[PDB]
Structure formats: structure tokens, C-alpha cells
């Protein structure tokens, strides 16, 4: 669109390149996300652009607002509010020996849950939440980016090891369906990483990721997770670890923190805590 000028490239994300940009009229600094659309079959439109319309209306303090959508043929720019930093890069920048203040952890988790609860209540999932996707301003606000886009684009069908660390066991074991609980799982893993500065489950592959999870939470079976032994990629030759062990991977977290974390990481997706319930958890009683 002639209404914007690309200043510079700020990185590569799941959907491609993101530019820093400036709205010509208003001097509004923006983030512009280029998404390469396939040329499409005559008579057969995608429902991407309609799902995009929906997302364009969502406004909430803890989500990154999609301000505009610029179409070309076979190309699409998504315009967002710009933000000073991402959470991946911020955690890298904390010097070794320093941690994140435990009250900023709490604050960030809280806000992250507010964003997700807002999305979940509108039946919008993220599915690939990760520190790269969480953006901060210098005043204490944290926001979710890329909410809803996986449904918008994304197919029933690389080198994104990074992406595997926040992935749920229901997905990794090849369950037919997933729902909102995959985002609470992600949030679980990210909570640990806020506290410790490092990934809770640092897998090199899908199987290794599963193994890293089983090691900390115990290898599941029908008793702990009903009907898990029927999922396609469950094998009863997995290593046999016992229920963990999870508190040993996490430092800088008290009794309440550990409680909320273990509810975010329950195996059975039907019993894992919900976003609404997590916001009422006593871990947050001493927040504001």
C-alpha cells in the first residue's frame, strides 16, 4: 500500500518477515507482517481473509491489535501496533546470575492469561505461543501476537526446534483434535521460563520433547490420563518415569507458583486448568 513506508526489517517469524514501518499520514510507527499467499485455484477462495476480518475487530490491552490488512494479488501485509521488545530477546538480555524479579513474572503471567482468556472466550486459539510471540513495551505491558492466524492460514498437511518446546502432549502424541487447553500448556512452559530464564522442556525433536516432558511429569498411562493408551503414537515401550520431579526443574517459585504451574501442566486436556480458573489462583493474590 502507498499509505506506508517500510523503514527496516525487524525479524523473521512463523509467517515470514516483519518490517518496521511508518504510516505516511499520521507518523504512526507500525509493524508490518508480510505473508506470502499462494496463487489460488479459480473458483476456490480461501477462508483466510474472512478469518482475518474477525481478528481485525479484537481489541484488548494484552493482545497486539491488528490495525489493518493490505491486499495485493498473492500477497498480504498485516499491520500492527509496534512494540519495543520481544520476550525471547529480553530474557537473553538479562545477565547470567540475575533472574527476573518474581513480581514481574507474576505480572507477566497474569497479563498473558488475560489475553488468552479474552481470545478463548471468542473461540480464538493461538496454538503456537512462545516468547518470540510475546511483546513488551517499556512500561510493564505484555501482549500476545499471532493469535488466530494458525486457523486463518495453516493446513492439515523447517528447523523450528524452538517452536517444539511449548507444544502440548496431546498434539505430540497425535490426538485427532485439540482445543484451548494447548494454549494453557504453552503458558505453563513459558511461566517456568520466566522464572528460570530457560526452557522447561528443551527438546531436540518431537520424540525427545515427549521424553523431556515424561521425565518431569512421569510417563502417562490410562490411570493418569484416560484413554491415552489409545492415541496413535502412544507406545508402551516409552521410558518409565514416575510422577515428578517437576519442582526440581524450577527455581524462584514458591508453593503457590508451583501449584498453578502443575495445574497448567496436567496431562489430560479435559482436566487441565482453564484460563479463567488460572486468573483466580492464589499465586496472583499478592499481585497488584
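Numbering follows the first chain given and starts at 1.
Asks: Count of coordinate-less deposited residues separating residue 157 and residue 158, as none, 1 to 3, 4 to 9, or 10 or more?
Replies: Per the record, 1 to 3 deposited residues are absent between residue 157 and residue 158.
Asks: Look up the CA B-factors in the entry and say which stretch, 135 to 143 or 171 to 179, has the higher mean.
Replies: Going by the record's values, the stretch with the higher mean is 135 to 143.
Asks: So 17 to 25 or 260 to 268, which one's hotter by mean CA B-factor in the entry?
Replies: On average, C-alpha B-factors are higher across 17 to 25.
Asks: Can you tell me which of 121, 189, 205, 102 has the highest Cα temperature factor in the record?
Replies: Most elevated C-alpha B-factor of the set, per the entry: 102.
Asks: Choose from 239, 43, 220, 61 the residue with the greatest Cα B-factor as stated in the PDB record.
Replies: In this record, 43 carries the highest C-alpha B-factor of the candidates.
Asks: Split into thirds by Cα B-factor across the chain's modelled residues, where does residue 209 land: lowest, middle or highest?
Replies: CA B-factor rank for residue 209: lowest third.
Asks: Among the modelled residues of this chain, does the Cα B factor of residue 92 put it in the lowest, middle or highest third?
Replies: It belongs to the highest third of the chain when residues are ordered by C-alpha B-factor.
Asks: Ranking every modelled residue in this chain by its Cα temperature factor as given in the entry, which third contains residue 114?
Replies: Residue 114: CA B-factor falls in the lowest third of its chain.
Asks: Split into thirds by Cα B-factor across the chain's modelled residues, where does residue 107 land: lowest, middle or highest?
Replies: According to the entry, residue 107 has a C-alpha B-factor in the chain's lowest third.
Asks: Taking the entry's C-alpha B-factors for this chain, is residue 184 in the lowest, middle or highest third?
Replies: It falls in the bottom third of the chain.
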